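For reference, the structure is listed below as structure tokens.
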Amino acid sequence: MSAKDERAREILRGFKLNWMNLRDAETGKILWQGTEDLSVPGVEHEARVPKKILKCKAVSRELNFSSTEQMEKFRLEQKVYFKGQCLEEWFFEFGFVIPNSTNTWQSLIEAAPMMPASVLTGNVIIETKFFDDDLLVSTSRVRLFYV
Ligand SMILES: C/C=C(/C)CC/C=C(\C)CCC=C(C)C
């Protein structure tokens with residue numbers, strides 16, 4: 001048990017994702033909402049998303065998170081897994097987080113082009129890794145269903 005393992009566990013304990021939503025970047029139309037904290041590790045989260053998001057060239061994501069702990073360089077690494085095979089990897093940087101602050105984090109996700117929704121549905125896991133700089137804070141997973 002190292003000082004960094006301890007710091008990582010202090011940030012996670014102080015961390016909470018309050019709400020999240022996806023809109024078609026193009027129209028700004030709201031595709032998916034939810035207030036379930038999908039960043040919580042150790043449990044497989046589920047999300048039923050409209051299969052039209054696969055057609056979106058870009059989707060605008062809003063993350064609303066609270067953090068008791070100060071973070072130097074808060075960033076995300078998200079790997080798109082199809083049947084255990086990584087097809088994509090996104091990188092997002094928020095940067096400095098003020099201790100005991102609530103923050104809205106707007107990220108624009110750019111499209112791959114895609115296998116049809118019917119093939120992908122329930123076979124896609126989004127593996128989100130939660131970093132402060134190069135310190136891994138948490139690893140969480142969400143299984144996607146396209147409806
Ligand atoms: C199929 C491609 C997409 C654009 C879906 C995006 C899904 C998410 C953003 C859920 C991941 C959860 C978080 C903790 C951010």
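All residue numbers refer to positions in the sequence shown, counting from 1. Atoms considered below: every heavy atom in the structure, side chains included; atoms not considered: hydrogens, waters and symmetry mates. In each ligand, atom 1 is the first atom listed, and ligand 1 is the first ligand listed.
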List ligand 1 atoms under 4.0 Å from [X], heavy atoms only on the residue side.
X: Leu144; value: 1 (C), 5 (C)
X: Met20; value: 9 (C), 13 (C), 15 (C)
X: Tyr146; value: 1 (C)
X: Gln78; value: 11 (C), 13 (C), 15 (C)

Quiz prompt | Geometric class of the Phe74/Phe15 ring pair [parallel <30°, tilted 30-60°, perpendicular >60°] | solution =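 Answer is tilted, since the angle falls between 30° and 60°.
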Quiz item: Is NZ or CZ of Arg61 both nearer than 6.0 Å to the six-membered ring centre of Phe92 and within 45° of the ring axis?
Solution: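 Because its charged atom sits under 6.0 Å from the ring centre and within 45° of the axis, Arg61 does stack over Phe92.
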Self-check item: Aromatic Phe131 / basic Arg75 pairing, under 6.0 angstrom, 45° off normal
Solution: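 Here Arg75 passes the 6.0 Å and 45° test against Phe131.
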Quiz item: Nearest heavy atom to atom 2 (C) of ligand 1: which of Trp105, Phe130, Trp90 does it belong to?
Solution: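 Result: the heavy atom closest to atom 2 (C) of ligand 1 is in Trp90.
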Self-check item: Option nearest atom 6 (C) of ligand 1 (shortest heavy-atom distance, choices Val59, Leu22, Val40, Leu76)
Solution: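 It is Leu22 that holds the nearest heavy atom.
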Quiz item: Going by atom types only, do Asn18 and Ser66 share a side-chain donor-acceptor pair under 3.5 Å?
Solution: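 Side chains of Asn18 and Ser66: pair found under 3.5 Å.
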Quiz item: Considering only protein heavy atoms, which is closest to atom 9 (C) of ligand 1, and at what distance to one decimal place?
Solution: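 Residue, atom and distance for the closest contact: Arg61 CD, 3.6 Å.
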Self-check item: N/O donor-acceptor pair under 3.5 Å between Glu93 side chain and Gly95 backbone
Solution: yes
